[PDB]
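*Asks:* As numbered in UniProt numbering, residues 12 to 50, 55 to 98, 107 to 247 make up the first sequence, in order.
Here it is, the structure in full.
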Amino acid sequence: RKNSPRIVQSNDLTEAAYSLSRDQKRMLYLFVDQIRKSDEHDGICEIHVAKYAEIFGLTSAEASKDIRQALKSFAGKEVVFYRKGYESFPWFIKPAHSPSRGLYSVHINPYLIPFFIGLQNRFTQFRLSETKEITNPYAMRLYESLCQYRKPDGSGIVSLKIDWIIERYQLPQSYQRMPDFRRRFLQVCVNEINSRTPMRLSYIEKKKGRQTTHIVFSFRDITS
DNA sequence: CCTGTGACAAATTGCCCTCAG
DNA sequence: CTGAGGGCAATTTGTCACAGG
Ligand SMILES: [Mg+2]
């Protein structure tokens with residue numbers, strides 16, 4: 012119900028351009044949490064196979080495989096920041120490795136650390152047991168945002184633009200068509216989030232003439 | 001211009017089993 | 001017994017032609 016660790020990131024992260032799998036995204040929640048505790056710092060993070068396979072209910076050998084590819088797939092992966108403004112960064116600067124059996128040692132870009140600490144009263148938070156039955160990476164990105172506007176009693180109301188969701192979430196070009204965007208993004212991520220998470224969701228589109236432009240996300244804690 | 005759906009390609013899921021220490 | 005490995009069938013994604021508006 013609560014035993015999972017609360018994550019806290021700068022808004023800056025939540026609104027950024029990048030592609031990451033379900034699995035890499037799962038790792039990312041874990042790194043920023045070693046990061047979160049330091050005091055002057057550099058970004059060497061540890062990844063213990065045994066704990067990952069407990070935290071996400073996976074088998075020991077299936078867990079490594081997920082860690083193992085996800086890491087190789089960070090080569091040449093970038094993230095792009097904003098405000107206007109525009110800046111393009113590599114996640115890792117040195118491949119991760121294993122000095123012993125069952126360990127992994129990643130080397131985070133230390134120019135990033137500013138954007139996990141950042142600056143108070145302008146950030147996002149959620150307990151981790153919330154996110155961890157999603158499988159679609161994007162349905163994660165939506166949940167991070169919806170949380171950004173969550174007010175203390177657990178509900179909220181927000182209107183995101185369609186041009187925008189595309190470019191921060193870095194969805195596929197095939198989805199600039201709108202009926203596709205119905206079938207494989209929205210009809211799917213509002214579903215999975217609303218059955219795998221303590222939150223009821225609903226939306227209503229906002230046309231402007233012959234086009235649809237904004238989605239009007241509005242939600243309340245499933246506790247009522 | 002807008003929409004929804006049928007069908008094909010390509011990528012994901014968890015699952016099953018080998019082998020080295 | 002743990003994890004660094006190989007493989008799979010079944011399901012979910014990504015693409016796009018077509019029909020009606
Ligand atoms: Mg897997």
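From the three backbone atoms N, C-alpha and C, an ideal C-beta is built for every residue, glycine too.
Does DSSP put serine 79 in a helix, a strand or coil?
*Replies:* One-based indexing of the first sequence puts residue 79 at position 64. Three-state result, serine 79: helix.
*Asks:* Go ahead and pull the three-state DSSP assignment for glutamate 61.
*Replies:* Position 46 of the first sequence, counting from 1, holds the residue named residue 61. Strand.
*Asks:* When the distance is taken between beta carbons, is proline 133 closer than 8 Å to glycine 58?
*Replies:* What you label residue 58 is simply residue 43 of the first sequence in a count that begins at 1. What you label residue 133 is simply residue 110 of the first sequence in a count that begins at 1. Closer than 8 Å, so yes.
*Asks:* How many angstroms separate the CA atom of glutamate 61 from the CA atom of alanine 68?
*Replies:* Here residue 61 is taken as the residue at index 46 of the first sequence, counted from 1. Here residue 68 is taken as the residue at index 53 of the first sequence, counted from 1. Looking at the two C-alpha atoms, the distance is approximately 14 Å.
*Asks:* Suppose you measure from the CA of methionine 163 to the CA of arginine 205; what does that come to, to the nearest Å?
*Replies:* The residue labelled residue 163 in the question sits at position 140 within the first sequence. The residue labelled residue 205 in the question sits at position 182 within the first sequence. Distance between the alpha carbons of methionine 163 and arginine 205 is about 17 Å.
*Asks:* Let me check understanding here. Comparing Cα to Cα, which of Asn217, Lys231 and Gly232 lies closest to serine 225?
*Replies:* Here residue 225 corresponds to residue number 202 of the first sequence, with the count starting at 1. Relative to the Cα of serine 225, the nearest Cα in the group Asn217, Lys231 and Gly232 belongs to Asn217.
*Asks:* For the alpha helix (DSSP H) containing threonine 25, list its first residue and its last residue.
*Replies:* For the purposes of this step, residue 25 is identified with residue 14 of the first sequence, where counting begins at 1. Unbroken alpha helix (DSSP H) run through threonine 25: 22–25.
*Asks:* Please identify the residue among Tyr166, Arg233, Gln193 and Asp186 whose C-alpha is closest to the C-alpha of residue 10.
*Replies:* Outside the modelled stretch of the chain, which goes from 12 to 247, sits residue 10, for which no answer is possible.
*Asks:* Based on the DSSP secondary-structure assignment, which residues constitute the bridge partners of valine 95?
*Replies:* Position 80 of the first sequence holds residue 95. Bridge partners of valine 95: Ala28 and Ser111.
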